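Participant: Those sequence lines, one after another, are chains S and Z. For the first sequence, the numbering used here assigns the number 3 to the initial residue and increments by one for each residue that follows. For the second sequence, the numbering used here assigns the number 3 to the initial residue and increments by one for each residue that follows. I'd like to ask some things about the structure below.
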Amino acid sequence: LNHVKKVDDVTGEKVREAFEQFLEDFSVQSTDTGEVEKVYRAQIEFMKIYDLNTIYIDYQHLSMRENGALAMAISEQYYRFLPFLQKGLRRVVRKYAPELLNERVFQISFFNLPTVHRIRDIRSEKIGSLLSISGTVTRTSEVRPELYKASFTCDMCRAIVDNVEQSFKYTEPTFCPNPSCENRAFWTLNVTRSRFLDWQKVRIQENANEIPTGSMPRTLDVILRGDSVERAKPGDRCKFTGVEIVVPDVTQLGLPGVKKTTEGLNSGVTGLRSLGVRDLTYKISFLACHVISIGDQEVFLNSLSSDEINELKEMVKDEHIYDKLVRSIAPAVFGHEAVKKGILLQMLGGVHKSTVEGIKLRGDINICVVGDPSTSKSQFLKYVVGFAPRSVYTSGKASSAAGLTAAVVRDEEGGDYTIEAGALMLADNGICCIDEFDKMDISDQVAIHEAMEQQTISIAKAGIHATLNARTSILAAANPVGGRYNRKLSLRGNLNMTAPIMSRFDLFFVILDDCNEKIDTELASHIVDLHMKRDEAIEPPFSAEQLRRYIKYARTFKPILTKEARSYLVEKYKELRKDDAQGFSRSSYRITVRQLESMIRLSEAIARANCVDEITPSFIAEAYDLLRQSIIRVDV
Amino acid sequence: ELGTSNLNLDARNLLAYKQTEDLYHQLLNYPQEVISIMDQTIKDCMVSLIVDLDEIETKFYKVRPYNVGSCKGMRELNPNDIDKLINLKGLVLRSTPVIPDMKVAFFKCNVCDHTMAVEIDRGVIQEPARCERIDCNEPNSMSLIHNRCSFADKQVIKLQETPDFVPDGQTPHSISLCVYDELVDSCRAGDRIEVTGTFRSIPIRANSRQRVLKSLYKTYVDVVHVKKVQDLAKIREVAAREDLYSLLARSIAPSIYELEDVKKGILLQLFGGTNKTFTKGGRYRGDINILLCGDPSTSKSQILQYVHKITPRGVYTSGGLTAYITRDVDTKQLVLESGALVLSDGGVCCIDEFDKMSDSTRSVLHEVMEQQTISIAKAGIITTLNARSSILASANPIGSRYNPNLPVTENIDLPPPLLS
DNA sequence: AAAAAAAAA
Ligand SMILES: Nc1ncnc2c1ncn2[C@@H]1O[C@H](COP(=O)(O)OP(=O)(O)O)[C@@H](O)[C@H]1O
Ligand SMILES: Nc1ncnc2c1ncn2[C@@H]1O[C@H](COP(=O)(O)OP(=O)(O)O)[C@@H](O)[C@H]1O
Ligand SMILES: [Zn+2]
Ligand SMILES: [Zn+2]
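In structure tokens, the structure reads:
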């Protein structure tokens, strides 16, 4: 009736004016060629051309604008001045891009804060203030929709009341603008008229670094909103930027629904209308707005740059790439050229094809390494773990019940019946590096030769059945029985592995140590030089980044086979089948069709290395030489 | 000249004066009023003594009286001692997160968007039934704002009596504690502290739906005091001594006879090597690991205890040692807990009875020495943790004696690679 | 709180 003008919070208006001012005319320069950038204008152009809704603001760029008269004024009372900043942002956007509004929830994320606080340093005096915290995320929740702006219908008169801001409880309106009506009845929520937003709650705790003694870690609850959902996976150490808030107990608050800890003594507050005779308590929770973590060939060509063009063209147009390439793999290790070439060939990989009726053909290379103790066999494993993406290091004997493939776990009288993923499952589309292959157990020893050839794992236990994908490229190491490789015997005599497992592998490398005085002195000298003198000054022909660029460029090629290649391949397979069978009967059986498929895969990989769409019989000859020297070794 | 705000005050010095002992007795009877008037007096005394007036108007002043009376235990607390100062010694069992406490309310007239600040007292808040603006003067337009108020940080500490008060194998008792402001997080689990504070009683709500109260009052203690239970020039003087090696080696074990070489080795591994993480080659191990073997007549556990207590950081365990997801006991939540090996980052991890190591845990060691980084994949949590720890273990031969004729491998019953 | 079925050591 009175229609009294509302109080004008001029401080909010002033901070909003300054905010829109440095949004419109920041005018910072980045480089010499970048005279005037207008970084936020470019950001608004990006939201025009990609239909985005969130904006990112650097705290340092905000820091020097009006010094602490603006930066501190926003940081301290962030909750107080948030709607004013929203109004200013809406004003400038609709001044520069009205069609972008087609009315939408704009979000602002501040980043690059001067300092980060520990969980144990959280205190109540910072409520409503911008802050940054870090910890280990241990649990997330489903992405549930959240009511943000509700629209209501007055049932007895069918009037529309909308834009009702919500709070920690579901709130209905309190009046009906219709003069003849007086909102005696309640309202019906209009679902198709309301606007929802994403909501996810995560839990964090203190790292093992900060926590003293044997005390228990401190836990906190963080709530995400908007585009920052599913951005903090469990187990990852992340840094959160947001505003301190406090949440009461909604149960004591009025709700349509029905209604350490036993000691009480909580800070209860009573005396309100809606509480009646109930006491209200509070708990500290954190609201976040920015999360970061601290722990086709044409598509690749689209990422264009001067170096991208020049370096890749030089690497392609060179004439001795291969000769250099193997020299650039694991510069730390000394010797073992063929092991390096084999690892490079494994890392390139082979083409994967499927038949017309749904039969799958294996397109990966498996390599085993056998040698006497201490001849630098684990160094290759560690290097390939540290270089190849999505790689996992694993021991032959696993302490967990998952072992190598998978396992089923259920709670005692619990309805979980869930599976846990083994190293092979985690290594999907990657390289699995098992060490000490000899002491595997029977279950894994028989699951592996199904996981390798068929690329799948199947299980049926206690009412749950599934077929898991295990598309992996395996690399393994082992030690001969008796410690040292006996040159008199063969691979089967020395190793304790079963015959079917050997056929699974595609290549073998046997490396020995000796007591020669000329070799050990060089080995010791090279170890010492890397240890003290040139700990960073090794000389590889190509850098790691160049290696990764060339590998990712070569992975985008699928070689084919020509007529002469097929004829040479069938001749080679016939020769390899014939000559080995001439030795003895019922004692030599090592060549199957898998060997021919391995030849095809290795030829395809070698063709990929040289970046050629076709295959030359020289590649077939090289692959045959590799597989034959795999049999020369077993003879010697 | 420091700018802090903190006073210490002993009762015995307060007792030594004849007029003050009357104030002593009155402090015993009425703690809160005496403390408040004392703080006001000190607030006046700062200005009375400076005669910058700017740093004073921002800070408050508080006292921390102590040694008022002898320490009393939970086994003798009569109701005659309610609202009186007593001193307690005990061991902290568990802490709680900071509990916000209401001090100032913030209301808003939603119709006219007008705000007012309301003070509270005794927790109970008198809500205003109408907005002060008579221009609108509506009764139901007043709504509370939760996140624009002011709060204080309350924390509850659980305390147990010292074991010396139980002579006949009875069970200890637990007394709740309360702290404010600077006393938050001043104590952790397992800490032995002594506190000074007043006694209190409070009714129990029983049923939260009604206004019925139990005839028994819970007891808790509010405290204002806690206590627990250029040298580099001297280094180089010692560091210039020629035979410092022998003296330093023999200083670790004063009671152990002979065994000089093993003492030198243990001291040197306590000194530790260097660590480097050059990019193109990867990190190299800097830890030193030593194993001890012999018949159980050598006092080899004494050396383990010596090194455990001498070293800055280290965990002494036996033959579980690594991180595992645990179900929290008092609170129904899930917490990730680190093991003994992780807790010894940069120190010496002591292992006793290494032979009876089971079989599942041994592989874990096979993972922690060659890579010094243990990973876990359970309950949807995949991560890697750093250990970078040194191992020093002892083992016993199979049988009453170690026969010299038989080689070492058979007698200890350990895998050849792990020993290697 | 006590009986009974299932996978892994
Ligand atoms: N450049 C190198 N050349 C030869 N040997 C090396 C080199 N770098 C490290 N080594 C040695 O090789 C060993 C690698 O371990 P590994 O070959 O698995 O033997 P083991 O099975 O006994 O661990 C390391 O102990 C290291 O001493
Ligand atoms: N040289 C020694 N000097 C002092 N005490 C010794 C010596 N040798 C043995 N002892 C005593 O004998 C005991 C040997 O026990 P020990 O072999 O350490 O048990 P464990 O089986 O735990 O290793 C010690 O408790 C120690 O008191
Ligand atoms: Zn109506
Ligand atoms: Zn009003």
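Ideal Cβ placement from N, Cα and C applies to all residues, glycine included.
1) Any Cβ of chain S within less than 8 angstroms of the Cβ of residue 368 (chain Z)?
2) Cβ closer than 8 angstroms: which chain S residues qualify as neighbours of residue 150 (chain Z)?
3) Name the two residues that bound the continuous alpha helix (DSSP H) containing residue 292 (chain S).
4) In angstroms, rounded to a whole number, what distance separates the CA positions of residue 641 (chain S) and residue 292 (chain S)?
5) Roughly how far, in whole angstroms, is the beta-carbon of residue 282 (chain S) from the beta-carbon of residue 270 (chain S), given that I think they are within contact range, below 8 angstroms?
6) In the DSSP assignment, the alpha helix (DSSP H) including residue 376 (chain Z) goes from what residue to what residue?
7) So, helix, strand or coil for residue 577 (chain S), using DSSP?
8) Verify whether the separation of the beta carbon atoms of residue 361 (chain Z) and residue 396 (chain Z) is less than 8 angstroms.
9) I'd like to confirm the pairing. Which residues does DSSP put opposite residue 478 (chain S) in its beta bridges?
10) Can you give me, in chain order, the residues of the segment 518-538 of chain S that have a beta carbon less than 8 angstroms from any beta carbon in chain Z?
11) Would you give the residue range spanned by the alpha helix (DSSP H) that residue 450 (chain S) belongs to?
12) Taking 7 angstroms as the cut-off, does the CB of residue 381 (chain S) come closer than this to any heavy atom belonging to ligand 1?
13) Whose Cβ in chain Z lies nearer than 7 angstroms to the Cβ of residue 365 (chain S)?
14) CB-CB under 8 angstroms to residue 89 (chain Z), same chain, minus the five flanking residues each way: which ones, in chain order?
15) Mind checking residue 534 (chain S): buried by the 16 CB within 10 Å criterion, or exposed?
16) Would a check of beta-carbon distances place residue 267 (chain S) closer than 8 angstroms to chain Z?
17) Are residue 200 (chain Z) and residue 33 (chain Z) close, meaning C-beta to C-beta below 8 angstroms?
18) Verify whether the separation of the beta carbon atoms of residue 476 (chain S) and residue 513 (chain S) is less than 8 angstroms.
19) Would you be able to state if there are at least three C-beta pairs under 8 angstroms between the segment 246-255 of chain S and the segment 117-136 of chain S?
20) Whole angstroms are fine: how far does the CA of residue 468 (chain S) sit from the CA of residue 460 (chain S)?
21) With a cut-off of 8 angstroms on the beta carbons, I'd call residue 544 (chain S) and residue 613 (chain S) a contact; round off their distance for me.
22) Which residues, in chain order, sit with a beta-carbon under 5 angstroms away from any heavy atom of ligand 3?
23) Can residue 336 (chain S) and residue 491 (chain S) be called in contact, C-beta distance under 8 angstroms?
24) For a cutoff of 8 angstroms on Cβ pairs, would you count residue 550 (chain S) as touching chain Z?
25) Any heavy atom of ligand 1 closer than 7 angstroms to the Cβ of residue 334 (chain S)?
26) DSSP puts residue 441 (chain S) in a beta bridge; with which residues?
27) Is residue 175 (chain Z) helix, strand or coil when you go by DSSP?
28) Is residue 94 (chain S) near ligand 4, in the sense that its beta carbon is under 7 angstroms from a heavy atom of that ligand?
29) In angstroms, rounded to a whole number, what distance separates the CA positions of residue 339 (chain Z) and residue 324 (chain Z)?
30) Between the alpha carbons of residue 576 (chain S) and residue 594 (chain S), how many angstroms are there, rounded?
31) For residue 140 (chain Z), verify whether its CB is less than 7 angstroms away from any heavy atom of ligand 4.
32) If you run the structure through DSSP and keep just helix, strand and coil, what is residue 205 (chain S)?
33) What do you reckon, is the C-beta of residue 141 (chain S) under 7 angstroms from a heavy atom of ligand 4?
34) Among all the DSSP beta bridges, which residues are the ones paired with residue 116 (chain Z)?
35) Quick one, which of S:51, S:94, S:27 has its alpha-carbon nearest residue 63 (chain S)'s?
36) Excluding sequence positions up to five away, which residues of its chain have a Cβ less than 8 angstroms from the Cβ of residue 441 (chain S)?
Facilitator: Put simply:
1) yes
2) Correct list: 81, 82, 130.
3) Looking at the DSSP string, residue 292 (chain S) is not in any alpha helix (DSSP H); the run it does join, the beta strand (DSSP E), is 284-295.
4) Lying outside 3 to 638, the shown extent of chain S, residue 641 (chain S) is not represented and no answer is given.
5) Rounded, the Cβ-Cβ distance is 7 angstroms, consistent with contact.
6) For residue 376 (chain Z), there is no enclosing alpha helix (DSSP H); the residue is part of the beta strand (DSSP E) that begins and ends at 375-380.
7) helix
8) no
9) S:370, S:436
10) Taking 8 angstroms as the Cβ-Cβ cut-off against chain Z, the residues of the segment 518-538 of chain S that qualify are 532, 533, 537, 538.
11) 444-456
12) yes
13) Ordered by position in chain Z, no residue passes the 7 angstroms Cβ test against residue 365 (chain S), which lies about 27 angstroms from the chain.
14) So the qualifying residues of the chain are 68, 69, 70, 71, 72, 73, 74, 196, 197, 198.
15) Exposure of residue 534 (chain S) is indicated by the presence of fewer than 16 other C-beta atoms within 10 angstroms of its C-beta.
16) Residue 267 (chain S) counts as touching chain Z.
17) Cβ distance < 8 angstroms, so residue 200 (chain Z) and residue 33 (chain Z) count as in contact.
18) no
19) yes
20) 6 angstroms
21) Residue 544 (chain S) to residue 613 (chain S), Cβ: 15 angstroms. No contact.
22) My final list is S:156, S:159, S:161, S:178, S:180, S:183.
23) Taking 8 angstroms as the Cβ cut-off, residue 336 (chain S) and residue 491 (chain S) do not qualify as a contacting pair.
24) Using a CB distance cut-off of 8 angstroms, residue 550 (chain S) does not count as an interface residue toward chain Z.
25) yes
26) None; residue 441 (chain S) has no bridge partner.
27) Looking at residue 175 (chain Z) - three-state DSSP - the assignment turns out to be coil, as it is neither helix nor strand.
28) no
29) 9 angstroms
30) 11 angstroms
31) yes
32) strand
33) no
34) Residue 116 (chain Z) is bridged to Z:111.
35) The shortest C-alpha separation from residue 63 (chain S) is found at S:27.
36) 398, 399
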